[PDB]
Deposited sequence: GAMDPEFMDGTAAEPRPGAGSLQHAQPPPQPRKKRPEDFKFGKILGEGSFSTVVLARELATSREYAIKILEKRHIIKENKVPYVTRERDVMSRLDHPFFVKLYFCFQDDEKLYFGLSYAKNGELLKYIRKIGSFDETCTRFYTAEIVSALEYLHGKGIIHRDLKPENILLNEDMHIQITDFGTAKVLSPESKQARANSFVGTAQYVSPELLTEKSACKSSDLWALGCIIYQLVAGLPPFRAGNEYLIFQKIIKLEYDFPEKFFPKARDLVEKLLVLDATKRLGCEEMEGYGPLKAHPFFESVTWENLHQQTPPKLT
């Protein structure tokens, strides 16, 4: 595919990339085109993010994931053609409506779990999962994105990445990520859906790091009991003891948690999501 094939429309967002809403003229398909300046990627020292983003997304084929449909270049630019998620970031919705009812919390948590199971199945660790990175398409189904910081396992691995609010303990104290590290993030995300704020809150990132390793957070009073129960089984310092990790026997037990007991798992992507709170 060539640049000339697209209208480059509204700039959807702008650090070392600009994401534009593009329309392929002949098919009228919309894509989110990520535009990168080769030279600026070099000077900011972000080539690893780009190559890694490409490698990982090229392995993904699942409804709950943004897909990499095409890549092209010209003399000064790199163009990534991605799935366009028209409804933007999960984060926007939590800020907008405050916190989700249990029906919505349950459904979206289910889709994220379903997504993680697939990702981890292919031996990939996201490492930076968060509401900003969980997008909603036109059908209001999730589409995860931002794989630049991901890791392909050969287990565990070594790297220095994350977002303070969702970073797992093991990343901070062993400088190593595993699949269970994503389950920690999931725990933080469920909490935030229900409470309307992330669980670990402090004066700065280092202080946030301290909360995390201290397991220092609180459930407000209105927290759905079964969700509280699930969150406690995910926010566990010992990475080998989180619900859904390999030592805990995997996703079977995670999906069997009472919080999910009503969920119809196999065709989540084909169900009309619940009206958002």
item: Stretches with no C-alpha position, numbering per deposited sequence from 1; value: 1-33, 48, 189-193
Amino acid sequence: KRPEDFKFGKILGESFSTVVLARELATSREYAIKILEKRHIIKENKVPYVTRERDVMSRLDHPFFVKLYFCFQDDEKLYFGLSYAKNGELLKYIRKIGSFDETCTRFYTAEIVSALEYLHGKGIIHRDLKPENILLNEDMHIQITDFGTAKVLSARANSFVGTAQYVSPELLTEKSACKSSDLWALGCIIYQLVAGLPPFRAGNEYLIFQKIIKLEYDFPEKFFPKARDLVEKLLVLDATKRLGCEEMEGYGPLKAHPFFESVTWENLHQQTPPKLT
From here on, numbers count along this sequence of modelled residues.
item: Stretch with the higher entry mean CA B-factor, where the candidates are 70-78 and 133-141; value: 70-78
item: Mean C-alpha B-factor comparison - 159-167 and 122-130, higher one; value: 159-167
item: Highest recorded Cα temperature factor - choice among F209, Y251, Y31, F65; value: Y251
item: Candidate set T109, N204, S176, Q192 [ranked by C-alpha B-factor, highest]; value: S176
item: CA B-factor ranking of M57, expressed as a third of its chain; value: highest
item: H269, C-alpha B-factor rank within chain (lowest, middle or highest third); value: middle
item: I42, C-alpha B-factor rank within chain (lowest, middle or highest third); value: highest
item: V152 by Cα B-factor - lowest, middle or highest third of the modelled chain; value: highest
item: Relative C-alpha B-factor of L172, binned into the chain's lowest, middle or highest third; value: highest
